[PDB]
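Participant: can you look at this? It's an experimental structure, sequence on top.
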Amino acid sequence: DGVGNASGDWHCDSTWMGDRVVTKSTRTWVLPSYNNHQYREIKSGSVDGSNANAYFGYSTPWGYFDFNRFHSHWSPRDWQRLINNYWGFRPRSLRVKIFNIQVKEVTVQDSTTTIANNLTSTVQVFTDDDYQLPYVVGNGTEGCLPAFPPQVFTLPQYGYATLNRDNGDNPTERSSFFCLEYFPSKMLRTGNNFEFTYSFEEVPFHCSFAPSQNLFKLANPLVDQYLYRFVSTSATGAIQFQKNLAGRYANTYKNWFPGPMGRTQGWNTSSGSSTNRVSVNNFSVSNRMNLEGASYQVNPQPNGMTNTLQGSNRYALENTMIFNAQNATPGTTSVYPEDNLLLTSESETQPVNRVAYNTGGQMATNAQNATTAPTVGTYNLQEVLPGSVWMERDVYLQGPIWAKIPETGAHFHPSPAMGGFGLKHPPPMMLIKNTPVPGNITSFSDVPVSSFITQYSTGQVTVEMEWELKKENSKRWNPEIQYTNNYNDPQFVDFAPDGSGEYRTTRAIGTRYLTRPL
Amino acid sequence: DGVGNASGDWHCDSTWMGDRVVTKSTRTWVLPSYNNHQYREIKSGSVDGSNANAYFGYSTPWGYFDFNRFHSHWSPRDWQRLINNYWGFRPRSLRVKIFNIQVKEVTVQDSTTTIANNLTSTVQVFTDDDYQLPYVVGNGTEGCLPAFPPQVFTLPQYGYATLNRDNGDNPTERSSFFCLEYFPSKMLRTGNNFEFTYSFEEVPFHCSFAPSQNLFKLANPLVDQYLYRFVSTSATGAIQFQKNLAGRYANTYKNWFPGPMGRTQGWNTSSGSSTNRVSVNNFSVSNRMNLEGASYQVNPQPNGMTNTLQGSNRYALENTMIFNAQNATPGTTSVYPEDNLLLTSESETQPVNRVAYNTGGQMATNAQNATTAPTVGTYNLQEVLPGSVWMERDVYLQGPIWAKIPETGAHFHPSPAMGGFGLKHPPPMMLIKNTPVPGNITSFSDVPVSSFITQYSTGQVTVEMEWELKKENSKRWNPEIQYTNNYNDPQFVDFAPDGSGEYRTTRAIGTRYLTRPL
Amino acid sequence: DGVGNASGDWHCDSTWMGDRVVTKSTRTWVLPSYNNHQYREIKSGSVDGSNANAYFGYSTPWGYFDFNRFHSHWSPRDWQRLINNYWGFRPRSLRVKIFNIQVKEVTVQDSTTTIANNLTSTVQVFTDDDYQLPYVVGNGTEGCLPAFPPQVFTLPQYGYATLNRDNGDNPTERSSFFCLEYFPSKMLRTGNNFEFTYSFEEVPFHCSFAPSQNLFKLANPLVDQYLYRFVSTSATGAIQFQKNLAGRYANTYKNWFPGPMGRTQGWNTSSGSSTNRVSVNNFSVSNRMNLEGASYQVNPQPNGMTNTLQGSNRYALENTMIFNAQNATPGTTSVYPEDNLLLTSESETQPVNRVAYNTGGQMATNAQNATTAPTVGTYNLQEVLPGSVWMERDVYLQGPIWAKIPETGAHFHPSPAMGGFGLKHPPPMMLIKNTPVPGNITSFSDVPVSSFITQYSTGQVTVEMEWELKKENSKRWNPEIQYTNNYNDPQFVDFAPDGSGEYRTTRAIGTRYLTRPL
């Protein structure tokens, strides 16, 4: 439209309206010129002594928008206002918009950089609606709209790993190359704006409630069962039985079973550091799966377990999600202690899921004769059994919203190990890059031009989601537990900028606070 | 209708029409008089030293039509034209028709056989629409319309095993006898024709595409994760963490897991014969399940694995489908080398399923103290876990189309271990027999007549199926892999008759050629 | 319909109606069971010392109907009545019909054959409408409806050669196998009949007239030309000219040129046998073309030449069509003298085409200086030049009607070297075979049945063509030449059966009798 006329406004709010809440977030982004407008074949061999780190892929000159973290849509006070009052929620719509673009031309002429703004330069933008490109948004990768609205962020570079050969850095005949210029983009100059809308498929609500009943204590503790149980054998080998009394839950007949489990190791946090074994490189002793002759660590393991038992300091670290209070810089290989790290705890599920560092149970190892005695054998892993129930991992303010389910054809219970909603058709990926502008060419050459003017672009992005809520209707009498701002001797305010202007976040707020009778 | 007037024509073609293809095949069959028009109680005791080979059942005087193999509807050139251009397909309809029947009366009088044609003899035909009879069509049994149209085939005899007692050849009180004359058939003389139509329930498409991304390399290899991971313990027992860098897929947090697995043994094909252990009777060392006190080999194991790792000669033979190039005769107990055998390979799934001869992974065996060190224990079998994905076995031109799901009431993921579509109500079984004509009886006898005129029948059968296709829409740039007629120094043409007139087929054409970004 | 009711009548006549003539011919055929209902891969290596005789192909169990010879539609008296009165003709329609079928079952039981007729057996019939099969009808092959209506004929076996490798009997990766059962046929029992109609594309008339003017004598022989011609050089090197007088056709300026030519060798017929060189194996000294490293004799050479010069006994045998008076048996490798052979002569074209055993002309070999003298060099081959005219080979009563033009994409002047009409879509091929009836099978076997009852079929075929004629309108005064029954001391009547009942034909009647002023 016009140079001296704004393309859009800054909308950033929330609007609770009964069983729906619409959130809105605007942010300023900056897009570098990655790979000097080229495609490069990136590849790696086995690093760290693990050929699972060996890949082969392509880095493109595009950047993408990632809105896959909760704190990109919710403020800490609107999150709290949700987890204290509702039993669940699920996304219903999405509507992204890019506007107020500005392309800047950088020039380092004379060992001195001068930033002037180009008014005729464009920016390319397209959304992958049919899922024809490798999805990279739902894998816990950095680069999402910052948590704090004032913060400006750089868009991350697009790239993807494709099939490599024999755990090496070479390709196979099936390795594919996707050209992103082969998609119909839209071009934008300073006066234009891009819009895009989407609507989620039905997905089941997330359950933001914790159970207030043990799964193996569902029976009435006053009435006895009309069922008997084999208790022992007499001297005559004759089998004897005994009735299941009331309150004796160790012996009652059950109807439902806890869910899957896979033992991990447990490590004690600070308080008990003394107990933990000294100097142990976990890699060698971690839970790992093999895929094509390579060993990959499967953190955070499949759903159906609790990393900790409420009341203890021991932790199943490989079944845990570990974030970082203070954001970090790319390429950091520094070793950090637990202090500035937010170890999430899923213990409000202990009533239904099993601890990840204990044996799942015991079963029989043989057959008793007039000779051999009955023997039991504890097991460390048990998968899904018919009639089992479990609770899924919880979502955090600083955690991921959705994940894309791989379209292989067959899958069981599509719920991402990192929490969130599993989707067959998740929000499209929105790529963007700066259309290249050639330097001073002066003669023909069937060779492509490699001299480009260095540029970068800035702009705003507004993303407005709509969520559906599930009202809590409990007849609990006494008061419940809520998420509260409980600090002692505060030297700073949490979820707010400190003296220098850097945003602080010392807590990981989850979602399971309210309760429900199993 | 009439003797000197044909009941139907010979339709045999294919007709591609966008997202649908209709195939049609006609063939000539011959029906012997099995069991001299009687029902016999067939039974066997433990043979080969395995009481699992002990059964009890009934052989009937009926024969049936089996269209449960792909190469009964597709030519090698129409198969190829499908697997190179589509991402999947599924059957939509069926329409069988029997016509141009001819009953012949054989007579060996005077040590010399004279074949004359009986014009008044009938043939009985009925389709089991309610699934009231034991289904025997989807179990990989011979007897299907030949691959080559010119070939004439004999219909196989119907029979079934019912409950036997204590792994013996005796019946139980629950053993059932089904009388097939107790169904309303239709009778046909030379001028009549039988028709029958059917339509499949919705079934999910088969996925004829291979993934072009590893399941554990879905993250962007340029951006790092905002998650940390327990890496080791300090001398103070204090736990230390480290950030998940980019491209280090051995350590990233994953969202999805590979599918089920059950270790089988792996044997090296020719090239590596030297490595294989010498003289091993597999039975004793094979994967077996127990059902009622008997050990059965479970080949080809459940879905979710790859029999081989692309680039190697090693094979998980018990997880493999093994066909035969040159068709064989009934009762052959000869030992064959790999040469004339088509060992199918499911490696275009290696990116998502695990190899069947490697350990599935490692997990923890204990709990580390200030005393005990962390220990891991490799596992050989792991079943379905929540959030796992796998790809189903592929279909072959020479393999089965569908299978009937047992109507027990409870089942998980109904997909036949041998590939194809699992159906609750599969195409009805079509039985047929020659109505008996008595010899010269001359006096009453309350005893049934046992003297019959020997006869046989011939005729044509046309089966026309309709399939639905799933168009491929990929934005891959470089060229894909296709199924091509790549032979070197051909001494004969494949998929064509040789000097003597015998049909040759040296390859097993599968379905997974195209690719898709996971 | 019915057994005791005829399917069709015997129509065999001609009906002249102005500018159209409709011919009709019925005949009785017999169809053997070729290849015992099988497909065989036929192949040959280099035979006769020529690797051009090495092929690789397939013989099928089908037979076909061939109506590609003129004497299958015309009687000698209706042919004569055409070539004496019209200036040309061309086919307009076609309409074949098969009826009154009868399948017979042969039995050699007891060293004694008994032919009984099977009333339930069928016969399969289909026409290749889209030209998807190798066409073999227009290559001068035997097997066409006999010349004489009373004669019964056996249908010839279908087969075709496909690509062979390096002039050997092995196939290439491109060698194709066509299954004829893969086409939708129609089945016929004794009471049924098959019909089929077709209409030719526009094709230019054949020109059944000879020119009555030399191509180089078109000018008026009374008037002189206003053009001069370089005649010589004076002693001064000065060039001199002279006017083109009247009647001096050796020197006139011409406007049109004779057509293509390629010198062959000329051999004298009987009268001059003495002159011919003694004992010469032509193969080594014949006109041959090379295609893929093999030498093939190109008889009868391309159009545009006359095999003989009217008034001489010399013959360009390789540019000649040689038929046989008395029909012969298959596999005869006997050497025959000219006597019972009909050597066609194309001399009524000598006014426009050049003799095939003379040098085509002379041209210049150098450049004359004050030193070198002018030299000429006779040429033996000259192809098409702009502004050239020629006349095509003539058609004979015993010769072919049409030919199919290969669908390569590029071609020049599509007129078959053997005469007739070149067609892009010629009359479809009509294949037919006896549906197989199995012997006494008694047990299942996944192996195809190989025991068949020996049968053969008989029936009638009526083919009715419509032709368009071009009326002659000449203002010639004196009488023309006609084809007349001019024999002297006839010991038998020509074109009629002799004492034994064998049809005689001592002449090859062509088509060029009438004349036209060039």
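Facilitator: Looks like it arrived, so ask away. Residues are numbered from 1 along each chain as shown, chains lettered A, B, ... in the order given.
Participant: residues contacting residue A:291?
Facilitator: Shown in contact with residue A:291 (C-beta atoms under 8 Å, 6 or more residues apart in numbering or on different chains): B:214-216, B:258, B:350-351, B:354. From N, CA and C alone the C-beta is placed, and that goes for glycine too.
Participant: max-length strand in chain A?
Facilitator: strand A:86-105 (DSSP state E).
Participant: for the residue in chain A that chain C sits nearest to, give me its contacts.
Facilitator: Of all residues in chain A, residue A:173 sits closest to chain C, at 19.5 Å by C-beta to the nearest C-beta. Listed by C-beta under 8 Å, 6+ apart, the contact set of residue A:173 reads residue B:481.
Participant: helix or strand for it, which one?
Facilitator: Assigned by DSSP states H and E, residue A:173 falls within no helix or strand.
Participant: any figure for the gap between it and residue A:270?
Facilitator: Distance of residue A:173 to residue A:270, given as C-beta to C-beta, to the nearest Å: 52 Å.
Participant: repeat for residue A:301
Facilitator: Taken as C-beta to C-beta, the span from residue A:301 to residue A:270 is 23 Å.
Participant: the more surrounded of the two?
Facilitator: Taking neighbours as other C-beta atoms under 10 Å in any protein chain shown, residue A:301 and residue A:270 compare with residue A:301 leading, 27 against 15.
Participant: tally of neighbours for residue A:493?
Facilitator: Residue A:493 has 11 nearby residues by other C-beta under 10 Å.
Participant: so what's it closest to, chain neighbours aside?
Facilitator: Spatial nearest neighbour of residue A:493, excluding adjacent residues (C-beta to C-beta, 6 or more residues apart in numbering or on different chains): residue A:504 at 7.7 Å.
Participant: for the one you found, give me its contacts.
Facilitator: A:325-326, A:492-498.
Participant: do residue A:34 as well
Facilitator: A:59-63, A:157, A:433.
Participant: what strands line up against the longest strand of chain A, and which way round?
Facilitator: strand A:116-118 (antiparallel), strand A:194-199 (antiparallel), strand A:206-207 (antiparallel), strand A:455-471 (antiparallel) (DSSP bridges).
Participant: nearest to residue C:334, out of those strands?
Facilitator: For the strands paired with strand A:86-105, proximity to residue C:334 was assessed by C-beta to C-beta; strand A:194-199 is nearest, at 86.5 Å.
Participant: what's next to that closest one, contact-wise?
Facilitator: By C-beta under 8 Å, 6+ apart, strand A:194-199 touches A:92-99, A:125, A:127, A:186, A:188, A:427-428, A:430.
Participant: what of stretch A:8-21?
Facilitator: Residues from elsewhere that reach stretch A:8-21 (C-beta under 8 Å, 6+ apart): A:22-26, A:74-75, A:78, A:82, A:92, A:97, A:99-100, A:149, A:193, A:460, A:462, A:464, A:466-471.
Participant: in ChimeraX, how would I select the buried members of those?
Facilitator: Those of these that count as buried under 16 or more other C-beta atoms under 10 Å in any protein chain shown are selected in ChimeraX with:
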select /A:22,23,24,25,26,74,75,82,92,97,99,100,193,460,462,464,466,467,468,469,470
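Participant: pull out the buried residues from the contacts of residue A:504.
Facilitator: Buried among the contacts of residue A:504 (16+ other C-beta under 10 Å): residue A:495.
Participant: need the max-distance pair from the contacts of residue A:504.
Facilitator: Spatial extent of the contacts of residue A:504 (C-beta to C-beta) is set by the pair A:326 and A:493 at 15.5 Å.
Participant: roughly how far apart are the residue with the largest distance to the centre of chain A and residue A:370?
Facilitator: Distance from the C-alpha centroid of chain A peaks at residue A:236, with 59.9 Å (C-alpha atoms, centre = their mean). Counting by C-beta to C-beta, the separation of residue A:236 from residue A:370 is 12 Å.
Participant: now residue A:38
Facilitator: 80 Å.
Participant: so those two - more neighbours on which side?
Facilitator: More crowded of residue A:38 and residue A:370, by other C-beta under 10 Å: residue A:38, with 13 against 5.
Participant: phi first, then psi, for the residue nearest to that one when sequence neighbours are not counted.
Facilitator: Closest residue to residue A:38 apart from its sequence neighbours, by C-beta to C-beta, 6+ apart: residue A:61 at 6.1 Å. Here is the backbone geometry of residue A:61 (degrees, to the nearest 10): phi -90, psi 20.
Participant: residue A:61 reaches residue A:39, doesn't it?
Facilitator: Yes: contact criterion C-beta atoms under 8 Å: residue A:61 and residue A:39 qualify, at 6.9 Å.
Participant: so between these two, which is more surrounded?
Facilitator: A direct count of neighbours by other C-beta under 10 Å for residue A:61 and residue A:39 places residue A:61 higher, at 21 against 17.
Participant: so who does that one touch?
Facilitator: A:33-39, A:157, A:433.
Participant: now do residue A:440
Facilitator: residue A:451.
Participant: please, which helix or strand holds it?
Facilitator: Using DSSP H and E, residue A:440 sits within no helix or strand.
Participant: repeat that for the one 4 residues further on.
Facilitator: Using DSSP H and E, residue A:444 sits within no helix or strand.
Participant: need the contact list for it.
Facilitator: With contacts taken as C-beta under 8 Å, 6+ apart, residue A:444 has no neighbouring residues.
Participant: so what's residue A:314 up against?
Facilitator: Applying C-beta under 8 Å, 6+ apart to residue A:314 gives the contacts A:266-269, A:272, A:308, A:357.
Participant: that older thread, out of the contacts of residue A:34, which sit inside strands?
Facilitator: A:59-63, A:157, A:433.
Participant: now render these as TSV, adding distance to residue B:119.
Facilitator: Compiled in TSV, the ones in strands among the contacts of residue A:34 are given as follows (distance: C-beta to C-beta, whole Å):
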residue	distance to residue B:119
A:59	80
A:60	77
A:61	81
A:62	78
A:63	83
A:157	82
A:433	81
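Participant: top of the residues you listed by neighbour count?
Facilitator: For the ones in strands among the contacts of residue A:34, neighbours tallied by other C-beta under 10 Å; top is residue A:433, 28 neighbours.
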